[PDB]
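Protein chains in written order, with UniProt numbering: chain G, 28 to 549; chain D, 28 to 549; chain L, 28 to 549. To keep things clear, I will list the structure first and then write my remarks on it.
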Amino acid sequence: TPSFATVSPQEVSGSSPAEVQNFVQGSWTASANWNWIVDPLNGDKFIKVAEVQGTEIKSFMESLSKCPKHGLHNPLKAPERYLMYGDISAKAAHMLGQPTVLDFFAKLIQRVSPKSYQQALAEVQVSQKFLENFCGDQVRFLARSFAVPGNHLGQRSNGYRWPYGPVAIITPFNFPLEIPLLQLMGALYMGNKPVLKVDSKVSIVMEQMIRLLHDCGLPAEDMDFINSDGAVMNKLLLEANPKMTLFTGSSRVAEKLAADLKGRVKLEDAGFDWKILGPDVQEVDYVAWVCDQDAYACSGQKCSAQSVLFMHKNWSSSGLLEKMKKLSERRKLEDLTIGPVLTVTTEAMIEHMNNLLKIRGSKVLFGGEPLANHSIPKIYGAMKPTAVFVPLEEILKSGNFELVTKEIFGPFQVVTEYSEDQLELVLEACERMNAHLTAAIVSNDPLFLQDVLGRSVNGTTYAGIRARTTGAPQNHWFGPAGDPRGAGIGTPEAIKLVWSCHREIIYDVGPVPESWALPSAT
Amino acid sequence: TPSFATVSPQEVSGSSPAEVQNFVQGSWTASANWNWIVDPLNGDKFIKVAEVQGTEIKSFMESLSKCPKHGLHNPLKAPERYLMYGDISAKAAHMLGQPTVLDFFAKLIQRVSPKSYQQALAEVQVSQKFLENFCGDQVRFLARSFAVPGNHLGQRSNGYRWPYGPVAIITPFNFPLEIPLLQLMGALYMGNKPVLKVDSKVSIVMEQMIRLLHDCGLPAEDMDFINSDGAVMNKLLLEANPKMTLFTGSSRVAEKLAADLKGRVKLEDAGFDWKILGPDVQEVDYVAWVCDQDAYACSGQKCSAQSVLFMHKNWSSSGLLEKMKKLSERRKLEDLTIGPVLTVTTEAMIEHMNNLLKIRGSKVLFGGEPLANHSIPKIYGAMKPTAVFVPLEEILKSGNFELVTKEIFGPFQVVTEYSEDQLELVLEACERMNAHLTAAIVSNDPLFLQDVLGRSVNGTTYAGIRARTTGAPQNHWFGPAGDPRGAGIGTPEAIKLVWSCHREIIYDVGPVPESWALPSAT
Amino acid sequence: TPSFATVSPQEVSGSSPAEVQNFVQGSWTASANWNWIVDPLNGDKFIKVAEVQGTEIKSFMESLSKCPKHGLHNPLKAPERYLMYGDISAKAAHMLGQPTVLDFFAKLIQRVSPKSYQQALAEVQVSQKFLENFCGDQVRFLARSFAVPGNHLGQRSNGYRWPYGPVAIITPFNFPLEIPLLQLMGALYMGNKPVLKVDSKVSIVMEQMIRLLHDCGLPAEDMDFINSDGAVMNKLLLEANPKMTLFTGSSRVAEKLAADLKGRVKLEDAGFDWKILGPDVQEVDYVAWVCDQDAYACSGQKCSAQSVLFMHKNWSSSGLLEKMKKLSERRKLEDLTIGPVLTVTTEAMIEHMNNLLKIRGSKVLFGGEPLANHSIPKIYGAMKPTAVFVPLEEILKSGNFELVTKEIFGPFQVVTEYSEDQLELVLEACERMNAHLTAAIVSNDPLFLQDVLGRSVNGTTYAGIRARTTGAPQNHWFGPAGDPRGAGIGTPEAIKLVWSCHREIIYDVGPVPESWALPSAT
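Given below as structure tokens:
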């Protein structure tokens with residue numbers, strides 16, 4: 028295991044448990060009481076987390092209050108800190124790129140947020156590439172400003188990206204590294220001081236990542252790391268009053284926080300993501316593979332996962348559904364191509380399936396049964412990949428729509444069919460949804476693509492015969508649309524939008540014209 | 028006729044000839060060295076152009092020398108001039124938008140650069156809309172700068188768009204208003220002082236437009252306007268040493284000036300513009316219409332005109348050629364849908380056709396005969412719209428290729444056919460051309476489009492079943508690619524590229540650090 | 028020495044000579060005859076260079092002709108090559124950052140282009156940081172394009188950065204690594220295939236750098252490396268007809284090439300760089316140190332070196348000149364804070380000094396004598412740091428001006444004085460210069476700064492009490508202004524301006540309106 032590590036991903040078990048600590052006011056620290064996380068594969072108490080209680084959050088308040096509203100740095104103050112984070116990112120990117128460190132983080136991710144080794148590796152690879160994008164001067168370049176000449180000699184107006192100062196970051200279980208690391212660095216790049224909270228089930232990953240970052244030069248005083256339940260984190264937000272809060276998680280918590288913080292938030296909330304198949308049937312094998320990966324990689328536990336499939340009638344005879352069935356059935360627990368579902372129980376998923384089956388014309392296409400021969404504790408779901416057909420005309424009906432468009436954060440999707448005359452019904456269904464995260468339009472017809480795109484919203488939409496719903500890398504935006512609170516992640520634009528605000532500084536140095544005379548009052 | 032005007036477009040004739048003067052050092056000249064321009068439709072000496080002679084360029088040299096290399100203004104000097112040119116632009120845009128003024132310029136363009144009323148009107152409309160793009164603060168916004176934080180407190184680097192100062196603009200006969208106006212305003216916008224030369228055959232249009240610009244507030248000392256033959260203008264360029272020269276015209280003169288001026292030029296030179304038809308045959312009527320307009324509007328006297336058509340074999344049975352033939356034959360002199368060819372004689376075009384007809388397998392598809400019942404002087408061509416088919420495999424042979432790809436600035440195009448297995452031969456043909464101005468790829472197949480687009484160069488390429496080669500408006504770039512001297516026109520980027528250069532200003536105001544001691548010498 | 032190295036910088040001597048080879052068509056190759064470079068410190072034949080003759084350049088022509096005008100890659104073709112160069116740059120940046128590799132290149136630079144160890148190290152550090160700026164997706168991001176909606180459904184216009192294809196790079200002796208490496212990578216990033224020529228006196232450095240780059244994944248076929256005299260390189264340019272040529276060197280060769288190539292060039296030519304001291308005297312020690320480093324680091328062999336100093340009269344009593352004298356006299360050969368002058372002999376520098384001393388009121392302030400106790404061959408100069416005062420009023424006179432503003436690529440500067448009433452004379456002198464590279468305005472008075480800046484041109488101007496003329500790093504532009512051929516180096520903007528051109532691609536896919544009917548011809 029690497030030098031910075033305090034845990035061995037393959038060793039940690041009920042008999043060799045690991046602990047996760049907080050970091051506040053520059054040092055690693057425990058708490059009054061520990062909480063046990065169980066191994067999602069067997070129920071072992073294998074990680075204890077130093078969860079802070081509601082009356083031991085003063086140190087985090089005090090640490091945040093040390094950051095003024097003009098930031099740890101800004102384009103005019105301590106600019107050498109932009110260069111430092113270029114260097115930190117370079118050292119960290121080189122560390123994350125080491126095969127043994129890649130494997131360490133991929134394995135650690137697997138133990139807490141169960142997914143296949145390649146899916147866990149992809150999280151580290153995205154993280155590594157993101158850090159490579161902000162080496163050298165590239166953090167400095169995030170603080171690029173513009174200027175425009177004024178109305179007279181000596182006047183020129185400037186637009187800067189100003190930090191917010193004390194901020195908070197809250198991220199969920201399913202991506203224990205990629206989401207928190209990318210928002211953490213973005214916040215630091217623009218000059219904020221963040222407090223980072225990761226779901227206690229998986230926070231061990233970012234804890235190890237923070238130790239690496241400290242070894243790469245991240246200053247002890249620049250950030251804090253808190254482990255707690257949601258209720259304590261809520262109290263800290265209302266007591267510390269951070270100037271910006273990045274929240275990534277369920278839509279229920281996002282709206283509650285948006286109300287509590289009175290909109291001083293950026294949100295990456297839930298998504299009910301759709302894939303539309305166009306009329307031009309082709310590359311059936313490739314499209315089927317993407318459908319299986321979109322819907323069922325990580326057992327569907329992606330905010331970008333394919334939750335509904337609108338099949339054009341031309342695809343009904345293609346063999347696509349048959350290939351999707353076969354592809355779902357080679358997924359298995361032993362390599363975690365199917366696995367524990369950390370936020371939906373098996374009963375909840377079965378009940379949802381049965382509720383859908385009450386609808387006229389509906390039928391299970393494949394799956395619909397629990398996994399067998401496993402030791403997954405009953406708090407976590409264990410389902411075979413499931414797809415349920417529901418006729419399009421029934422979906423559009425009231426009551427049925429809210430049920431059909433309900434997000435199941437597990438390996439579960441709804442499939443439906445539309446004829447050449449029914450594209451409006453499909454677009455009506457997409458417009459009636461409450462979430463606009465990812466989407467895919469599988470067609471190469473430019474008239475079909477531009478029609479669907481122009482009459483849709485989703486903030487990360489893929490278009491083309493190779494279109495997918497999942498796997499947004501760091502080279503382009505990922506985030507919802509249709510919401511002024513919508514957060515992005517990864518790109519320079521996402522960092523600047525989420526972690527800075529506009530400040531206009533207008534210079535007006537003179538000279539006062541020699542012919543100037545006191546005008547009449549106005 | 029409008030207030031600013033000194034000529035009536037419908038009344039100028041041999042019995043009532045018009046005078047065109049020069050503008051230098053803030054005054055309209057009174058030169059008597061008339062160059063008599065003949066009416067392209069009947070041969071009347073209907074315009075006397077006061078052309079500057081050898082010794083008379085000293086006034087223009089002196090006027091340009093009054094502008095320093097830091098411009099009439101720049102982002103830090105006399106910035107109120109940016110606002111002034113927004114106001115001039117708004118006033119000129121409103122004047123050009125007046126129906127009687129639109130008509131006046133359309134009809135005047137017709138008299139000197141014979142083309143249909145709608146084509147002439149389109150030139151005024153592009154000019155009017157371009158001026159609308161630079162009202163208010165939009166000239167100010169052209170001088171937008173960027174800045175980056177430095178390595179320490181008090182250091183910040185700035186990137187500005189600096190003028191060149193004294194500059195020159197030379198434009199051809201075919202667009203008497205759009206080209207000179209758009210480059211003139213672009214030069215003035217960025218802080219330069221231009222001398223403008225329009226081809227004497229058509230310079231009456233800019234003369235009137237300059238009078239309009241003066242009525243809208245263009246300062247008398249901000250630009251000069253010279254009429255001369257090419258040899259006199261060449262002498263002025265070598266004597267005045269302008270820091271930038273925008274030249275639009277023939278490739279031969281372009282390369283001569285680029286050598287003479289040692290590359291202190293931006294060029295819009297000739298173009299041998301091509302259209303490729305893809306395999307997906309559709310909208311035959313529309314595609315035939317666009318082909319007819321691309322090739323023969325203004326009798327082909329557009330630098331963007333369609334000079335060769337690569338037909339996919341699938342199009343050979345579509346009726347496309349038959350429709351092109353019918354469409355060409357409704358062009359007539361009465362509305363100037365066919366007309367005088369100001370730079371290529373009838374005999375020259377017939378000779379070129381007969382040279383192409385020596386090649387094996389070639390044929391006249393339509394046209395190939397002079398126009399009848401007209402009084403166009405013999406110095407100007409008068410040809411029916413002409414298309415010569417040449418087999419693709421013959422086109423690619425050496426000797427043939429140079430003849431086939433010779434630009435005929437008249438109503439003439441080459442037509443060829445390629446089978447599904449010969450796209451490489453078409454692309455080799457386009458790559459062996461020396462000019463890369465406009466192009467069209469008539470296809471909605473995205474795999475074909477990206478393949479041809481990825482393996483071509485032309486700076487203004489249209490793609491889609493509605494793709495054309497002509498008619499680039501002010502909302503997007505027009506100009507060649509593949510040349511560091513390539514000029515753009517119309518857009519904010521084109522203006523900044525052609526009429527400004529980068530200047531970096533790095534502020535380093537201190538404080539001299541507490542820790543600073545005199546470092547050892549390096 | 029590092030693994031990629033074929034030379035030991037500290038070992039190479041007359042008795043242990045090194046050789047420099049060409050790289051063409053994917054392999055290291057010699058030539059018919061070798062030319063010997065002498066050690067600038069003692070005259071030893073210590074490096075033999077495989078200089079190609081005029082009749083052995085066919086392989087370089089053939090290698091360049093393999094690159095089409097649509098590049099080795101472009102935004103639509105082989106885009107994975109953008110990612111590859113992100114990876115290559117990351118591997119190279121990590122290699123250059125290794126202390127032993129830094130020291131290797133710093134020492135090798137010192138042997139061929141003599142300068143202090145810290146100055147040579149600064150070249151490697153700039154190179155290392157530049158490569159760090161283009162890791163991950165940052166090369167991909169250089170190919171960022173924009174788009175604007177069209178006039179109707181299905182129409183949208185796009186502006187891309189297109190490569191030129193086969194290009195050439197020519198760089199001088201004084202920066203054997205920084206200049207060629209940064210332009211080489213810039214050319215490759217945008218999709219060009221360059222042939223790189225470095226002054227044979229120092230080309231050993233880039234030869235070692237290319238071996239490192241090959242170890243980091245630079246494809247064998249992506250670039251060529253030619254060693255030759257200027258005359259052979261001239262023939263190659265006219266025979267291979269590269270689509271773009273980056274030239275950095277003397278103003279004489281730059282203008283000749285700009286004429287031969289008819290302006291298909293970008294130039295980083297000579298500079299006569301000025302420093303103006305404002306009226307507000309302060310930080311005299313700091314200002315003196317910067318004056319000594321600007322004028323005399325590398326013995327003045329920087330295109331950015333301080334060649335003239337306009338002293339405001341307020342500074343005459345500050346002790347500045349006295350400190351400048353003392354600072355110049357602690358420079359010595361043994362640590363190369365003074366040293367060989369590779370392109371100006373001692374006699375030439377003495378003669379220039381004596382020519383200046385013929386001017387009334389002129390006097391040597393310090394220096395003016397050759398170095399002693401050295402073995403520098405007489406082809407190279409060996410002068411003590413020299414500053415000559417010339418009264419401002421005499422400078423402005425004809426004849427005197429051309430002599431005073433003559434660039435001496437050695438440790439030599441002119442000092443003059445201006446009173447509070449004479450700022451116009453200083454600005455007149457700056458406007459009358461023929462080169463506008465670097466400049467410094469040493470003042471914190473914003474009215475003085477904006478007045479001088481607004482009435483000057485130089486493309487890399489520093490302003491503030493800490494203003495300098497030398498040492499432009501990779502985080503901001505370096506390059507001249509006032510020239511459409513002006514090149515930049517280092518920054519993303521510099522790379523895009525120098526190594527790509529605009530291509531506009533306008534999509535127009537339909538639909539053709541159902542109500543469309545063939546309009547009358549225009």
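Heads up, the beta-carbon is just placed ideally off N, CA and C, and yes, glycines get one too.
Query                                                                                                                                                                             : Result
Output the boundary residues of the alpha helix (DSSP H) element that contains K75 of chain L.                                                                                    : Not the alpha helix (DSSP H): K75 of chain L falls in the beta strand (DSSP E), residues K72 to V76.
If you measure from the beta carbon of residue 19 of chain G to each beta carbon in chain D, is any gap under 8 Å?                                                                : This structure gives no information on residue 19 of chain G, because the portion of chain G shown stretches from 28 to 549.
Classify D321 of chain L as buried or exposed, calling it buried when 16 or more other Cβ atoms lie within 10 Å of its own Cβ.                                                    : buried
Below 8 Å between beta carbons: does that hold for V76 of chain G and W61 of chain G?                                                                                             : yes
So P102 of chain G contacts chain D; which residues on that side make the cut at Cβ distance below 7 Å?                                                                           : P176
Note down, in chain order, all residues in the region 98-128 of chain G with a beta-carbon under 8 Å from any beta-carbon belonging to chain L.                                   : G113, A117, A120 and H121
Tell me which residues share the same chain as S255 of chain G and place their Cβ nearer than 7 Å to its Cβ, disregarding the 5 neighbours each side in the sequence.             : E78, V79 and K224
Could you say which of L:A214, L:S54 and L:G290 lies nearest to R512 of chain D if we only look at CA atoms?                                                                      : L:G290
Would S172 of chain G and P102 of chain G qualify as a contact pair, given that the criterion is a beta-carbon distance under 8 Å?                                                : yes
Identify each residue in the region 280-313 of chain D for which the Cβ-Cβ distance to at least one residue of chain L is less than 7 Å, and report them in chain order.          : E282, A285, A286, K289, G290, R291, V292, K293, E310, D312 and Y313
Measuring alpha carbon to alpha carbon, tell me which residue in L:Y216, L:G408 and L:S277 is nearest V525 of chain L.                                                            : L:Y216
Just checking: is the beta-carbon of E159 of chain L within a distance shorter than 8 Å of some beta-carbon in chain G?                                                           : yes
Within 8 Å of any Cβ in chain D, is that where the Cβ of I197 of chain L sits?                                                                                                    : no
Decide yes or no for the touch test of the region 95-110 of chain G against the region 382-402 of chain G: beta carbon pairs closer than 8 Å, at least 3 of them.                 : no
Less than 8 Å between CB atoms is the rule here; does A467 of chain G satisfy it with respect to chain D?                                                                         : no
May I ask which residues mark the beginning and end of the alpha helix (DSSP H) holding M236 of chain D?                                                                          : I231 to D242
Of the residues G:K270, G:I422, G:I303 and G:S355, which one's Cα is nearest the Cα of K293 of chain G?                                                                           : G:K270
Say whether chain G places a C-beta atom closer than 8 Å to the C-beta of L398 of chain L.                                                                                        : no
What is the DSSP secondary structure of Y191 of chain G, reduced to helix, strand or coil?                                                                                        : coil
With a threshold of 8 Å between beta-carbons, can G163 of chain L be considered close to chain G, or not?                                                                         : yes
In the structure shown, what three-state DSSP assignment does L454 of chain G receive?                                                                                            : helix
Quick check: the Cα distance between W504 of chain G and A466 of chain L, rounded to an integer number of angstroms?                                                              : 41 Å
If you run the structure through DSSP and keep just helix, strand and coil, what is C162 of chain D?                                                                              : coil
Evaluate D319 of chain L with the Cβ neighbour count: other Cβ atoms within 10 Å of its Cβ, from every protein chain shown; 16 or more gives buried, anything less gives exposed. : buried
Any Cβ of chain G within less than 8 Å of the Cβ of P473 of chain D?                                                                                                              : yes
How many angstroms separate the CA atom of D448 of chain G from the CA atom of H339 of chain G?                                                                                   : 10 Å
Verify whether the separation of the beta carbon atoms of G394 of chain G and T413 of chain G is less than 8 Å.                                                                   : yes
Give me the Cα-Cα distance between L288 of chain D and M88 of chain D, rounded to the nearest whole angstrom.                                                                     : 16 Å
Going by the CB atoms, is the gap between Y407 of chain G and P367 of chain G shorter than 8 Å?                                                                                   : yes
Taking the alpha carbon of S345 of chain L as the reference point, which residue from L:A315, L:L354, L:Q328 and L:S40 has its own alpha carbon closest?                          : L:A315
Below 7 Å, is the gap between the Cβ of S230 of chain G and the nearest heavy atom of the ligand ATP?                                                                             : Annotation note on the ligand ATP: not contained in the displayed structure, which lists no ligands.
Any idea which residues DSSP pairs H529 of chain L with across the strands?                                                                                                       : L:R188
Using a Cβ-Cβ cut-off of 6 Å (strictly less than) and excluding sequence neighbours within five positions of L304 of chain D, which residues of its own chain qualify?            : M338, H339, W342 and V469
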